[PDB]
Amino acid sequence: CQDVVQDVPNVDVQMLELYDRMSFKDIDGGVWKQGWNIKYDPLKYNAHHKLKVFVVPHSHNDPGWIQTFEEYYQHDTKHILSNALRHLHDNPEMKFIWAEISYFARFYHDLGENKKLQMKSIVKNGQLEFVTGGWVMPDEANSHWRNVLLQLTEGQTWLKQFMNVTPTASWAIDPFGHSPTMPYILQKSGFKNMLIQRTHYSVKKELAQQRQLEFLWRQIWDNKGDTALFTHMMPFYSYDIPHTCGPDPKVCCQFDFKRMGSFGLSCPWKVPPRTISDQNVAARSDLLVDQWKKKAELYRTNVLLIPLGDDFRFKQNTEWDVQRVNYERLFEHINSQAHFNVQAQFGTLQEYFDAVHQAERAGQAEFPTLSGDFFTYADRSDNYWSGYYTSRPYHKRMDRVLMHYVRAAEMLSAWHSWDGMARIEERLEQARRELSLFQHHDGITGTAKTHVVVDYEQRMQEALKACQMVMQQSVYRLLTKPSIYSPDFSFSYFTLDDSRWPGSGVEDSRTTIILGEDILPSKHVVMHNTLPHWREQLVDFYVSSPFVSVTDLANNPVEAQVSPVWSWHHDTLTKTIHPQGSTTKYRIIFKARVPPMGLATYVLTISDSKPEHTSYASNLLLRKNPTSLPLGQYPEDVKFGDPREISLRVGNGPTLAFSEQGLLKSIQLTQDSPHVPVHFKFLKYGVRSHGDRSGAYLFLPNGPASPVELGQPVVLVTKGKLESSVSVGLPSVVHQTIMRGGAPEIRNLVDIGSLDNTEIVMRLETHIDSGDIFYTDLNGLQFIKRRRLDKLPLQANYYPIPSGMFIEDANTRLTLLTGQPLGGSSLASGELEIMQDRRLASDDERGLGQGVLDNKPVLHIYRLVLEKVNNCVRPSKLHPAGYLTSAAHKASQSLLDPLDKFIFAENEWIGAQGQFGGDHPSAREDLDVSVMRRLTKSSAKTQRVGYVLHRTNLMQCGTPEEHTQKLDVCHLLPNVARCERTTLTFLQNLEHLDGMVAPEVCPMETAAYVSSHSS
Ligand SMILES: CN1C(=O)[C@H](O)[C@H](O)[C@H]1CN[C@@H](CO)c1ccccc1
Ligand SMILES: *[C@@H]1O[C@H](CO)[C@@H](O)[C@H](O)[C@H]1NC(C)=O
Ligand SMILES: [Zn+2]
């Protein structure tokens, strides 16, 4: 195993180092506005060294943006694909690349057999080539790596089955900035090349000057370079035709033959395209070849990529003709005029890469090595695209919830083979596809129109319901005596209970367990643990009486706590935000202990009075002018008092102090230790009143944030033996700090209401001497060092926070883990901040054509981990990575993959069993079974089950935590007959494994295995 901590990789370009050195000056470079006037030696090219030019027709098809997926499919994409089929069939030298398999699958399944066969033939023959082959072309900022893999696998599995192809070149022309998580997954999915486009205009200029636009992109910790993937960065402002032929868009636009008038298009540079004729072809070729030769100067080989396309291009028959015929006339002239020393043709992306590497092998170029990322993107001036790290935060959080329900549903149902009548494969396919669709760079990014956002939400809601149906059928099967098991596949044996989604105060949707002497004495509940290690975790249920006690299925008493059910209401009468307590339902909380990848059953039982093993929380309402708060049968009266500082400690964990406004002020780790200043504060950013306006994409604040005026907010303190909390009703935010004996959990119920042109930020203020350094994660996969740069505007120092961020000095670290991707930064030493929501009246001129005024209440969740790190083995000051501790990693897992909770629906569960998976290996804490997926239907003689295994890297801080069992996924199911290592998409076998044993993976590695079973 490579050491990912102690060896700083030696690379030609390291992006944090490059950032430190660059000036980022935005000067007018001429026709290439963000570059310089390119010059070339006309004599570079000659009879023995020609420029080989590949013109690659393409059509960027967004799976939802201004229209829904289906509206675009009906109005544009079905015609593009239909006419591609006809035009490529009829013109054998014409070529076309296709990226978005969600659309291609929608189209293909509507084709007659005659046309399916024509389509297979133009793919087989190389005229139509798929690039990447994902369901979509995903966002790279907000997306979790698990879901990037999911959507890649969904599209590539479809391509292998129906088109018999697996792309090895990736095409990512539109995500707003780019992440090294992409080459990481792609290189472990068989890819050999990838292309990116949207990177900061200063980076394009800098890399172009050094001919470093093509590079071997390796991970920031990778000393050897085995993760490296060849990458092509496009050099110019856009992937459209004006910005892809060469440096001067006034010239390139004359070669977009759709822009002549009848198509309702024109050239902003005021010179139209002209049809190519025998009389003008020489002149036109001399303009175009000059553009090509200038572009060629920015790259190292004599092979040149010229994309030819734009959004939803190549629709009309007349458009296919006008592009193809004019380019054929140019190629014929250019290729026949020796003085140009060019050979130009239509080509595919793979053709371009193959020729580049032929040039490399011929010794004509060596490519530089690069590590780091390409955030935060700016396309011009100070227009940094950090706004979309937060836009539509409700769906950003929904993404993480569905991420987990997909994994759990696929896992739970993988243990058995299911009859076709069970509709298990059917429901899982719908769930995977709706989640995969939302990875699109207008989905999770929150940059689609209101009605399109609604479509994605409805689609995800259907996916959640599909997951629940699969999960609960699976649980009933796994925990019922087999000779009693009698499934109705439409029936709800269990309902899922989820405490954090949509969340209290977002949707009243949790069911109460209704118990009573005259109705039902007891109720079975079941917890599922998707992680491959034993887990204890507090779980809570709503119940109809405070007098409930908990047992396991051996009837052992389990300690429980009952609290009230509290909801916060904006009282239009008193103009206050204050809590109301239920008089009919209560919360019961207890510790569930669940096997690795397993299930555990508990029983809740009512009695007429306080049970022995159930305690009751006290509740203290702090506000001047209190009124009574009756709580039904709840046995402890609520106490009242004026606002005041408070301190709490659960178990033997940290002691937290709060301000009289209910916000954290300090954490004391142990009985002896200092009360370390850790202050939560809410602030607001506004919008500029002159110049460019913030919108869905751009963050353009009118200065540093200003404190939210809090007034005298109402504070609720609930204190229990198992769980305590402080909750406060702030303007736009009900802010809750929850304590269960370790790192606190923070929940924010965020309702920005009608505050237009406002972004609400949550900031932490500490005395950690972090300087200008902070750490943020990429796609939930790795933590990258950031350096705050005062030479850049505030918005440029915002980065994606897809799952976590931290600051540290020599002794102390604070980590904030998230349950949803949001934007954030560290704008001064000792600070962390993370945006909660943003409501923007204006459009930001990127094509969306609206502000963001469709906000809705969202429950954001966090864990907050303050730790001593002076004893940890940390990377050197020059290493570009950072690593979590054990506690912070577990805290992240608690947010993203909690225990699932199931309530038995019927009155009696005959044949119920107490546990499943007690004999599953409890793997080392840095290892996860990220994916468990049965890959065969029940008719297959040889069953196959796929696993994706991910090992993270946790700091060594002198806490052994030792003795664990080896996890061999190939023996999780009986009668194993074969075990293979595969690509992460399961589509290619890489290694046949001795003794049918899957080896565990190295830190920061991810592997896939498929076990085969003869049963
Ligand atoms: C920023 N964008 C998005 O959010 C979409 O994904 C779209 O493809 C892309 C914009 N494409 C450009 C054209 O190349 C465009 C710009 C304005 C209006 C229409 C399209
Ligand atoms: C699938 O593709 C491979 C590529 O080499 C080929 O050998 C095989 O015959 C193809 N299967 C078909 C044509 O169905
Ligand atoms: Zn796009």
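Atoms within each ligand, like the ligands themselves, are counted from 1 in listed order. When reading the values below, keep in mind they use all heavy atoms of this one structure, side chains included, and skip hydrogens, waters and symmetry mates. Quick note: residue numbers are just sequence positions, from 1.
The shell of residues lying under 4.0 angstrom from ligand 1, judged by heavy atoms, excludes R313.
The protein heavy atom nearest to atom 3 (C) of ligand 2 is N164 ND2, 3.7 Å. Here the heavy atom of the protein found nearest to atom 13 (C) of ligand 1 is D310 OD1, 3.4 Å. Closest protein heavy atom to atom 15 (C) of ligand 1: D311 OD2, 3.9 Å. Of all protein heavy atoms, the one lying nearest to atom 2 (N) of ligand 1 is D174 OD2, 3.4 Å. For atom 18 (C) of ligand 1, the closest non-hydrogen atom of the protein is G847 CA, 3.8 Å. The protein heavy atom nearest to atom 16 (C) of ligand 1 is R846 O, 3.8 Å.
Remark: atom 5 (O) of ligand 2 lies closer than 4.0 Å to no protein heavy atom.
For ligand 1, the polar-atom distance check against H440 finds no nitrogen or oxygen pair separated by under 3.5 Å. Note: an N/O pair closer than 3.5 Å links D62 and ligand 1 by distance alone.
Proximity of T445 to ligand 1, defined as any heavy-atom pair under 4.0 Å, is not found for any part of the residue. When non-hydrogen atoms are compared, ligand 1 lies under 4.0 Å from the side chain of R198 (C-beta onward) but not from its backbone. If you look at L848 next to ligand 1, there are no close heavy atoms at all, none under 4.0 Å.
Heavy-atom neighbours of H79 NE2 from other residues, nucleotides or ligands within 6.0 Å: above the threshold of 12.
A salt bridge links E457 with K856: at least one charged nitrogen is closer than 4.0 Å to a carboxylate oxygen.
The count of protein N, O or S atoms under 2.8 Å from the Zn ion (ligand 3) stands at 4, with waters excluded from the count.
Between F375 and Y389, the ring-plane angle classifies as perpendicular under the 30° and 60° cut-offs.
No hydrogens or angles considered: a donor-acceptor pair under 3.5 Å links the side chains of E70 and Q74.
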For residues 258-270, please give each side-chain donor-acceptor pair under 3.5 Å, one per line with the distance, not counting sequence neighbours.
unit_1, atom_1, unit_2, atom_2, d
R259, NE, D256, OD2, 2.9
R259, NH1, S266, O, 3.0

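Atom numbering of ligand 1 starts at 1 in the shown order; those under 4.0 Å from a heavy atom of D442 are 3 (C), 4 (O), 5 (C), 6 (O).
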